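Below is one structure, written out as structure tokens; the observations come after it.
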Amino acid sequence: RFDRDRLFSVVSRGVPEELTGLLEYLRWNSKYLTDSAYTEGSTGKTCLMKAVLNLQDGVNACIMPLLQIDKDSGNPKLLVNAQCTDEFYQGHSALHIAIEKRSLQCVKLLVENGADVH
């Protein structure tokens with residue numbers, strides 16, 4: 001299987017290969033990275049937001065693999081446009097984090113993959 005506390009540890013590392021098995025577990029159990037089980041729970045914050053936090057030299061090699069696994073899972077509510085849900089951080093998104101972290105490389109990467117700019 002493949003689970004949140006493993007995944008959130010992988011998205012902070014410089015090697016994405018530890019994601020192997022995630023697409024198989026998601027697509028065999030009919031689940032997606034936008035589902036509540038794969039979020040920080042207090043805010044509805046996702047693995048992609050946790051990947052856009054802590055960028056090494058302005059980039060993170062795990063972001064494209066996460067977006068590939070999400071597209072390969074067939075998720076209707078695409079991970080790139082997932083937002084926080086609590087009263088304080090409602091509507092916060094990975095694109096807002098990429099902009100505040102000052103990574104034009106990450107903003108380009110998110111917008112190329114269908115990040116809603118509105």
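Residue numbering restarts at 1 in every chain; chains get A, B, ... in the order shown in the structure tokens, and ligands count up from 1 in that same order.
Using only C-alpha atoms, the residues found no farther than 12 Å from residue A:37, other than those of its own chain fewer than 3 positions away, are residues 2, 3, 4, 5, 7, 8, 26, 31, 32, 33, 34, 40, 41, 42, 44, 45, 46 and 47 of chain A.
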For residue A:65: contacts at 10 Å, only C-alpha atoms, fewer than 6 positions along chain excluded, given as an mmCIF file with N, CA, C and O atoms, in the first residue's frame:
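See part02.cif below for the written result:
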data_model
loop_
_atom_site.group_PDB
_atom_site.id
_atom_site.type_symbol
_atom_site.label_atom_id
_atom_site.label_comp_id
_atom_site.auth_asym_id
_atom_site.auth_seq_id
_atom_site.Cartn_x
_atom_site.Cartn_y
_atom_site.Cartn_z
ATOM 1 N N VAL A 11 7.904 13.671 -0.495
ATOM 2 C CA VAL A 11 7.807 14.965 -1.204
ATOM 3 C C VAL A 11 8.796 16.033 -0.717
ATOM 4 O O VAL A 11 9.028 17.007 -1.424
ATOM 5 N N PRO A 16 12.615 11.315 -6.063
ATOM 6 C CA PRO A 16 11.198 10.949 -6.130
ATOM 7 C C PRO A 16 10.924 9.436 -6.241
ATOM 8 O O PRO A 16 9.769 9.029 -6.204
ATOM 9 N N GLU A 17 11.939 8.579 -6.400
ATOM 10 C CA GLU A 17 11.721 7.160 -6.730
ATOM 11 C C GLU A 17 10.922 6.379 -5.672
ATOM 12 O O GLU A 17 10.251 5.396 -5.986
ATOM 13 N N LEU A 19 8.166 7.149 -4.474
ATOM 14 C CA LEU A 19 6.774 7.168 -4.943
ATOM 15 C C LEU A 19 6.343 5.874 -5.664
ATOM 16 O O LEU A 19 5.150 5.669 -5.879
ATOM 17 N N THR A 20 7.272 5.006 -6.074
ATOM 18 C CA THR A 20 6.930 3.754 -6.781
ATOM 19 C C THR A 20 5.978 2.875 -5.959
ATOM 20 O O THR A 20 6.205 2.614 -4.778
ATOM 21 N N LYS A 71 -2.697 12.832 -12.699
ATOM 22 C CA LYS A 71 -3.260 12.695 -14.059
ATOM 23 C C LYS A 71 -3.450 11.227 -14.454
ATOM 24 O O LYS A 71 -4.507 10.855 -14.957
#
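If only C-alpha atoms are the atoms counted, then among A:92, A:74, A:117, A:109 the closest residue to residue A:30 is A:74.
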(message) Counting only C-alpha atoms, which residue out of A:112, A:35, A:24, A:100 sits closest to residue A:54?
(response) A:100
(request) Determine, counting only C-alpha atoms, which protein, DNA and RNA residues have an atom within 12 Å of an atom of residue A:68; residues of the same chain fewer than 4 positions away are not included. Present the result as a ChimeraX atom specification. (result) /A:16,19,22-23,33,48,62-64,72-75,78-80,110,113
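Within stretch 61-102 of chain A, the backbone-based DSSP assignment of alpha helix (DSSP H) covers residues 63, 64, 65, 66, 67, 68, 69, 70, 71, 72, 94, 95, 96, 97, 98, 99 and 100 of chain A.
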Prev. selection, N, CA and C atoms, output as a PDB file, in the first residue's frame:
ATOM      1  N   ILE A  63       7.660  17.277  -7.716  1.00  0.00           N
ATOM      2  CA  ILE A  63       6.419  17.957  -8.142  1.00  0.00           C
ATOM      3  C   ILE A  63       5.863  17.381  -9.457  1.00  0.00           C
ATOM      4  N   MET A  64       6.690  17.230 -10.501  1.00  0.00           N
ATOM      5  CA  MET A  64       6.243  16.607 -11.756  1.00  0.00           C
ATOM      6  C   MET A  64       5.725  15.165 -11.555  1.00  0.00           C
ATOM      7  N   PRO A  65       6.454  14.240 -10.894  1.00  0.00           N
ATOM      8  CA  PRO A  65       5.939  12.930 -10.497  1.00  0.00           C
ATOM      9  C   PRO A  65       4.584  12.942  -9.780  1.00  0.00           C
ATOM     10  N   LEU A  66       4.342  13.843  -8.818  1.00  0.00           N
ATOM     11  CA  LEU A  66       3.028  13.960  -8.159  1.00  0.00           C
ATOM     12  C   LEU A  66       1.917  14.322  -9.152  1.00  0.00           C
ATOM     13  N   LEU A  67       2.159  15.309 -10.020  1.00  0.00           N
ATOM     14  CA  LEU A  67       1.200  15.741 -11.039  1.00  0.00           C
ATOM     15  C   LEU A  67       0.974  14.657 -12.108  1.00  0.00           C
ATOM     16  N   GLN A  68       2.016  13.914 -12.490  1.00  0.00           N
ATOM     17  CA  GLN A  68       1.916  12.748 -13.365  1.00  0.00           C
ATOM     18  C   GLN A  68       1.056  11.653 -12.722  1.00  0.00           C
ATOM     19  N   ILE A  69       1.330  11.273 -11.470  1.00  0.00           N
ATOM     20  CA  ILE A  69       0.536  10.277 -10.733  1.00  0.00           C
ATOM     21  C   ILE A  69      -0.922  10.733 -10.583  1.00  0.00           C
ATOM     22  N   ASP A  70      -1.190  12.018 -10.354  1.00  0.00           N
ATOM     23  CA  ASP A  70      -2.561  12.527 -10.253  1.00  0.00           C
ATOM     24  C   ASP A  70      -3.330  12.431 -11.587  1.00  0.00           C
ATOM     25  N   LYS A  71      -2.697  12.832 -12.699  1.00  0.00           N
ATOM     26  CA  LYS A  71      -3.260  12.695 -14.059  1.00  0.00           C
ATOM     27  C   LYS A  71      -3.450  11.227 -14.454  1.00  0.00           C
ATOM     28  N   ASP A  72      -2.473  10.370 -14.157  1.00  0.00           N
ATOM     29  CA  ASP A  72      -2.545   8.918 -14.368  1.00  0.00           C
ATOM     30  C   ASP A  72      -3.605   8.223 -13.493  1.00  0.00           C
ATOM     31  N   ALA A  94      -1.345  25.669  -3.861  1.00  0.00           N
ATOM     32  CA  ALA A  94       0.061  25.463  -4.200  1.00  0.00           C
ATOM     33  C   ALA A  94       0.658  26.609  -5.039  1.00  0.00           C
ATOM     34  N   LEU A  95      -0.140  27.263  -5.893  1.00  0.00           N
ATOM     35  CA  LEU A  95       0.300  28.417  -6.682  1.00  0.00           C
ATOM     36  C   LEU A  95       0.574  29.652  -5.811  1.00  0.00           C
ATOM     37  N   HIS A  96      -0.265  29.934  -4.811  1.00  0.00           N
ATOM     38  CA  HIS A  96       0.022  30.978  -3.824  1.00  0.00           C
ATOM     39  C   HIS A  96       1.321  30.698  -3.065  1.00  0.00           C
ATOM     40  N   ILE A  97       1.555  29.446  -2.661  1.00  0.00           N
ATOM     41  CA  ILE A  97       2.801  29.047  -1.990  1.00  0.00           C
ATOM     42  C   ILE A  97       4.007  29.216  -2.920  1.00  0.00           C
ATOM     43  N   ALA A  98       3.936  28.780  -4.181  1.00  0.00           N
ATOM     44  CA  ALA A  98       5.032  28.931  -5.137  1.00  0.00           C
ATOM     45  C   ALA A  98       5.406  30.405  -5.374  1.00  0.00           C
ATOM     46  N   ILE A  99       4.399  31.281  -5.467  1.00  0.00           N
ATOM     47  CA  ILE A  99       4.594  32.724  -5.603  1.00  0.00           C
ATOM     48  C   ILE A  99       5.245  33.293  -4.343  1.00  0.00           C
ATOM     49  N   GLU A 100       4.725  33.046  -3.143  1.00  0.00           N
ATOM     50  CA  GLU A 100       5.340  33.550  -1.902  1.00  0.00           C
ATOM     51  C   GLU A 100       6.742  32.965  -1.642  1.00  0.00           C
TER      52      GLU A 100
END
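Closest approach to residue A:56 from the set A:15, A:93, A:88, A:25 is made by A:15, with distances taken over only C-alpha atoms.
Comparing the minimum interatomic distances between residue A:9 and each of A:57, A:21, A:76, A:50, counting only C-alpha atoms, we find that A:50 sits nearest.
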